[PDB]
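Below is the file run31.txt, which contains compact mmCIF, C-alpha atoms and all ligand atoms.
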```
# COMPACT_ATOMS: atom_id res chain seq x y z
CA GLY M 1 18.40 -7.01 9.31
CA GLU M 2 18.11 -3.86 7.08
CA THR M 3 16.19 -1.14 9.06
CA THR M 4 16.87 1.84 6.70
CA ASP M 5 13.73 3.93 5.96
CA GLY M 6 12.34 3.26 2.44
CA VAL M 7 10.13 0.92 0.37
CA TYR M 8 10.84 -2.88 0.23
CA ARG M 9 9.59 -5.86 -1.80
CA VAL M 10 7.99 -8.73 0.18
CA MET M 11 9.30 -12.02 -1.38
CA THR M 12 8.52 -15.77 -0.83
CA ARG M 13 10.37 -18.94 -2.09
CA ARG M 14 7.43 -21.28 -1.05
CA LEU M 15 6.48 -21.24 -4.80
CA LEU M 16 8.44 -21.64 -8.11
CA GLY M 17 11.54 -19.34 -8.08
CA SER M 18 11.40 -16.20 -5.86
CA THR M 19 7.88 -14.61 -6.14
CA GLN M 20 7.02 -10.98 -5.09
CA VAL M 21 3.78 -11.20 -2.99
CA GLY M 22 3.81 -7.47 -2.03
CA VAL M 23 5.55 -4.25 -0.88
CA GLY M 24 5.88 -2.24 2.36
CA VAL M 25 7.32 0.85 4.04
CA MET M 26 10.08 0.92 6.68
CA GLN M 27 9.79 4.05 8.92
CA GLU M 28 11.09 4.72 12.48
CA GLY M 29 12.13 1.01 12.78
CA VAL M 30 8.62 -0.32 11.84
CA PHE M 31 7.64 -2.27 8.67
CA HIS M 32 4.15 -1.43 7.30
CA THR M 33 2.33 -3.56 4.73
CA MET M 34 -1.18 -4.86 3.94
CA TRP M 35 -2.55 -7.91 5.90
CA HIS M 36 -3.44 -9.93 2.71
CA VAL M 37 0.35 -9.84 1.71
CA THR M 38 1.85 -11.61 4.81
CA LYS M 39 -1.36 -13.05 6.46
CA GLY M 40 0.36 -11.95 9.74
CA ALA M 41 3.40 -14.27 9.20
CA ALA M 42 6.91 -13.36 10.46
CA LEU M 43 9.37 -11.91 7.86
CA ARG M 44 13.12 -12.29 7.28
CA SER M 45 15.49 -9.33 6.66
CA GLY M 46 18.72 -11.19 5.67
CA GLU M 47 19.28 -13.05 8.98
CA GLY M 48 17.14 -10.68 11.17
CA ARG M 49 13.53 -11.77 11.99
CA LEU M 50 10.55 -9.28 11.84
CA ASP M 51 7.68 -10.22 14.20
CA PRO M 52 4.11 -8.87 13.74
CA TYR M 53 3.09 -6.26 16.39
CA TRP M 54 -0.30 -4.87 15.29
CA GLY M 55 -2.72 -5.99 12.61
CA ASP M 56 -6.39 -5.73 11.55
CA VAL M 57 -7.99 -7.84 8.73
CA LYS M 58 -10.81 -5.24 8.25
CA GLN M 59 -8.38 -2.28 7.66
CA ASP M 60 -6.16 -4.90 5.79
CA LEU M 61 -3.09 -3.40 7.60
CA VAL M 62 -0.19 -4.95 9.63
CA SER M 63 2.97 -3.55 11.29
CA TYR M 64 6.22 -5.39 12.30
CA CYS M 65 8.58 -4.48 15.27
CA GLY M 66 6.30 -1.67 16.57
CA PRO M 67 3.01 0.29 16.31
CA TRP M 68 1.73 1.82 12.98
CA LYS M 69 3.76 5.10 12.47
CA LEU M 70 2.23 6.56 9.19
CA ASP M 71 -0.42 9.24 9.97
CA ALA M 72 -0.27 11.66 6.98
CA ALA M 73 -3.67 12.00 5.17
CA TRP M 74 -4.70 13.00 1.60
CA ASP M 75 -5.71 16.73 1.82
CA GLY M 76 -8.75 15.99 -0.45
CA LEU M 77 -7.50 18.45 -3.18
CA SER M 78 -3.91 17.78 -4.36
CA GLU M 79 -2.49 15.18 -6.81
CA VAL M 80 -0.55 12.23 -5.21
CA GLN M 81 2.20 9.77 -6.32
CA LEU M 82 1.89 5.95 -6.20
CA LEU M 83 5.51 4.76 -5.67
CA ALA M 84 4.61 1.53 -7.50
CA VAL M 85 7.08 -1.39 -7.00
CA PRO M 86 5.91 -4.03 -9.53
CA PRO M 87 7.28 -7.63 -9.55
CA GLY M 88 10.65 -7.84 -11.43
CA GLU M 89 10.49 -4.06 -12.21
CA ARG M 90 12.23 -0.99 -10.69
CA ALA M 91 10.43 1.42 -8.30
CA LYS M 92 8.48 3.97 -10.43
CA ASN M 93 6.46 7.07 -9.26
CA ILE M 94 3.00 7.51 -10.97
CA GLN M 95 1.32 10.93 -10.33
CA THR M 96 -2.55 10.92 -10.18
CA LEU M 97 -5.46 12.91 -8.64
CA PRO M 98 -7.29 10.44 -6.38
CA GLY M 99 -11.02 9.71 -6.76
CA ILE M 100 -13.27 8.83 -3.75
CA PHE M 101 -14.74 5.71 -2.04
CA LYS M 102 -18.10 6.90 -0.49
CA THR M 103 -19.03 4.49 2.42
CA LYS M 104 -21.78 4.58 5.14
CA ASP M 105 -18.79 5.31 7.50
CA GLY M 106 -17.31 8.23 5.45
CA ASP M 107 -15.25 9.05 2.31
CA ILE M 108 -11.83 7.45 1.46
CA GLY M 109 -9.29 8.59 -1.20
CA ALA M 110 -8.91 6.14 -4.11
CA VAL M 111 -6.32 5.82 -6.97
CA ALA M 112 -7.38 4.42 -10.40
CA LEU M 113 -4.05 2.73 -11.36
CA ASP M 114 -4.05 -0.98 -12.38
CA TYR M 115 -0.82 -2.81 -11.27
CA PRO M 116 -0.16 -6.53 -10.59
CA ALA M 117 -1.37 -8.03 -7.23
CA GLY M 118 2.32 -8.31 -6.12
CA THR M 119 2.34 -4.44 -6.08
CA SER M 120 0.03 -4.47 -2.93
CA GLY M 121 1.59 -2.37 -0.11
CA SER M 122 3.28 0.14 -2.44
CA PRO M 123 2.99 3.55 -0.72
CA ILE M 124 0.97 6.54 -1.97
CA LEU M 125 2.77 9.91 -1.20
CA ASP M 126 1.93 13.66 -0.92
CA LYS M 127 3.97 16.76 -2.11
CA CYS M 128 6.24 16.62 0.99
CA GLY M 129 7.22 12.87 0.56
CA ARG M 130 5.05 11.62 3.53
CA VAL M 131 3.15 8.29 3.08
CA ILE M 132 -0.66 8.98 3.10
CA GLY M 133 -1.50 5.24 2.75
CA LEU M 134 -0.89 1.99 0.89
CA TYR M 135 -2.08 0.62 -2.47
CA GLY M 136 -3.69 -2.83 -2.97
CA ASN M 137 -7.20 -2.98 -1.35
CA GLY M 138 -9.98 -1.81 -3.69
CA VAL M 139 -12.63 -2.90 -6.28
CA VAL M 140 -12.97 -3.93 -9.99
CA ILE M 141 -15.39 -1.50 -11.82
CA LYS M 142 -17.96 -1.80 -14.72
CA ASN M 143 -15.02 -1.72 -17.24
CA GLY M 144 -12.84 -4.44 -15.59
CA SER M 145 -10.13 -1.96 -14.38
CA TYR M 146 -8.88 -1.79 -10.73
CA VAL M 147 -9.37 1.12 -8.25
CA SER M 148 -7.40 0.98 -4.91
CA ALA M 149 -8.42 2.68 -1.67
CA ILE M 150 -5.80 4.96 -0.16
CA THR M 151 -5.65 2.69 3.01
CA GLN M 152 -4.07 4.51 6.05
CA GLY M 153 -3.67 3.36 9.70
CA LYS M 154 -3.95 5.23 13.04
CA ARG M 155 -0.80 6.35 14.98
CA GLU M 156 -1.41 5.93 18.80
CA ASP N 1 8.94 -18.11 4.66
CA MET N 2 8.82 -14.44 3.51
CA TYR N 3 11.75 -11.97 3.28
CA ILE N 4 12.17 -8.25 2.41
CA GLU N 5 14.61 -6.53 -0.08
CA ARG N 6 14.98 -2.68 -0.23
CA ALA N 7 13.46 -1.17 -3.47
CA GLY N 8 14.11 2.61 -3.11
CA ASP N 9 13.84 5.82 -1.07
CA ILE N 10 10.32 7.30 -0.55
CA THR N 11 10.60 10.69 -2.38
CA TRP N 12 8.24 12.84 -4.52
CA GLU N 13 9.73 12.84 -8.08
CA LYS N 14 9.05 16.19 -9.89
CA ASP N 15 7.98 15.44 -13.53
CA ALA N 16 6.93 11.76 -13.19
CA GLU N 17 4.36 10.06 -15.53
CA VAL N 18 0.96 11.80 -14.73
CA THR N 19 -1.99 9.41 -15.44
CA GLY N 20 -5.21 7.81 -14.10
CA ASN N 21 -8.68 9.38 -13.55
CA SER N 22 -10.64 10.29 -10.34
CA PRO N 23 -13.92 8.27 -10.06
CA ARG N 24 -16.49 8.84 -7.22
CA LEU N 25 -17.66 5.27 -6.23
CA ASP N 26 -20.34 4.14 -3.68
CA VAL N 27 -18.66 1.14 -1.91
CA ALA N 28 -19.22 -1.20 1.08
CA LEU N 29 -16.47 -2.72 3.27
CA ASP N 30 -17.31 -6.18 4.74
CA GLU N 31 -15.83 -7.71 7.95
CA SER N 32 -13.24 -9.65 5.80
CA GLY N 33 -11.88 -6.24 4.60
CA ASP N 34 -13.23 -6.83 1.00
CA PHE N 35 -14.54 -3.66 -0.75
CA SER N 36 -17.60 -4.03 -3.05
CA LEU N 37 -19.56 -1.63 -5.35
CA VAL N 38 -23.00 -0.58 -3.99
CA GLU N 39 -25.36 0.31 -6.92
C1 LIG F 1 -6.37 -11.70 -6.92
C2 LIG F 1 -7.78 -11.75 -6.45
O1 LIG F 1 -8.46 -10.53 -6.89
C3 LIG F 1 -8.42 -9.47 -6.08
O2 LIG F 1 -9.08 -9.35 -5.09
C4 LIG F 1 -7.45 -8.44 -6.55
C5 LIG F 1 -7.46 -8.03 -7.90
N1 LIG F 1 -6.65 -7.13 -8.41
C6 LIG F 1 -5.72 -6.54 -7.58
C7 LIG F 1 -4.84 -5.56 -8.13
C8 LIG F 1 -4.93 -5.22 -9.52
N2 LIG F 1 -4.96 -4.94 -10.63
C9 LIG F 1 -3.91 -4.95 -7.32
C10 LIG F 1 -3.81 -5.28 -5.95
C11 LIG F 1 -4.64 -6.21 -5.41
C12 LIG F 1 -5.62 -6.87 -6.20
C13 LIG F 1 -6.51 -7.85 -5.67
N3 LIG F 1 -6.45 -8.20 -4.34
```

Translate this structure into structure tokens?
Amino acid sequence: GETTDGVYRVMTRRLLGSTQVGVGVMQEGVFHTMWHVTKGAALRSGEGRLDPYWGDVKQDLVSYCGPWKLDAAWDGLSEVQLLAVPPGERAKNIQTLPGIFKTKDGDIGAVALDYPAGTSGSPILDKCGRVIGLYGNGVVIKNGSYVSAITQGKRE
Amino acid sequence: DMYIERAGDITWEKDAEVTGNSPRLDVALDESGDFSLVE
């Protein structure tokens, strides 16, 4: 299948037409998405098969063909870009200064951008183009608007 | 049975649409990986 670095849509035909369930990153031969997109299922790339390798329902992360490779972190200061890939719509950068999820276990970057559920797995970037985490696991606030965690994995 | 299609390069795009705010939220993460608002 296609192994070129970049961002990819995650599609299914198990519903009406071809439905975009999410997004992911291909880097160093490994496909990175959120767990709730695939539920740990195998993926097709044309005629190639992608088999799950690592995943964790609590982090809501999964990798295919190898271990999680993305280890860049939000610096806690600078603005970031969501490389949103919405269903039926072209890849679009959205620049934002992340807010903060304060948890008993520490602080996490968060982006206040509302996109459709099928946008889950779209990467968040820094100034140098490196992926600092993925969009699509967050909360709905007093208003009714969505805030996503900047969800990042560990590189072993 | 899920499949992938390439959607773009991963590049920072100088002068892209700047938007969204920066809220500080108290949250809890349960064992199912669901975030909730503590209050
Ligand atoms: C569908 C069930 O409700 C949710 O938990 C849930 C709600 N909204 C989103 C958004 C938005 N907007 C983006 C990405 C993931 C979600 C999302 N998982």

- Using all atoms listed in the file, determine which residues lie at most 7 Å from range 46-58 of chain M, disregarding the query and same-chain residues fewer than 4 positions distant; provide the list as a ChimeraX atom specification. /M:1,35,40,42,62-67 /N:31-33

- Query: Leaving out range 99-111 of chain M and any residue of its chain fewer than 2 positions from it, which residues lie within 10 Å of it when counting all atoms listed in the file, given as a ChimeraX atom specification?
  - Reply: /M:73-76,80-82,95-97,113-114,124,132-133,135-139,146-152 /N:20-29,35,37-38

- Would you mind listing what lies within 9 Å of residue 6 in chain N as a PyMOL selection string, with all atoms listed in the file counted and same-chain residues fewer than 3 positions away left out? (chain M and resi 2+4+6-9) or (chain N and resi 9)

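Closest approach to chain N among M:78, M:154, M:134, M:127 is made by M:127 (distances from only C-alpha atoms).
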
- How many Å lie between CA of residue 36 in chain M and atom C5 of ligand LIG 1 (chain F), rounded to one decimal? 11.5 Å

Can you sort out the box for ligand LIG 1 (chain F), edges along x, y and z, all listed atoms in, 6 Å on every side, with centre and edge lengths in Å to one decimal, as JSON?
```
{"center_x": -6.4, "center_y": -8.3, "center_z": -7.5, "size_x": 17.3, "size_y": 18.8, "size_z": 18.3}
```

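Between CA of residue 26 in chain M and CA of residue 3 in chain M the separation is 6.9 Å.
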
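Reported to one decimal place, the separation of CA of residue 31 in chain M from CA of residue 15 in chain M is 23.3 Å.
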
- Query: Given the choices M:18, M:12, M:59, M:122, which gets closest to residue 8 in chain N if the distance is worked out from all atoms listed in the file?
  - Reply: M:122

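Checking N:15, N:30, N:39, N:3 one by one against chain M, counting all atoms listed in the file, you find the shortest gap at N:3.
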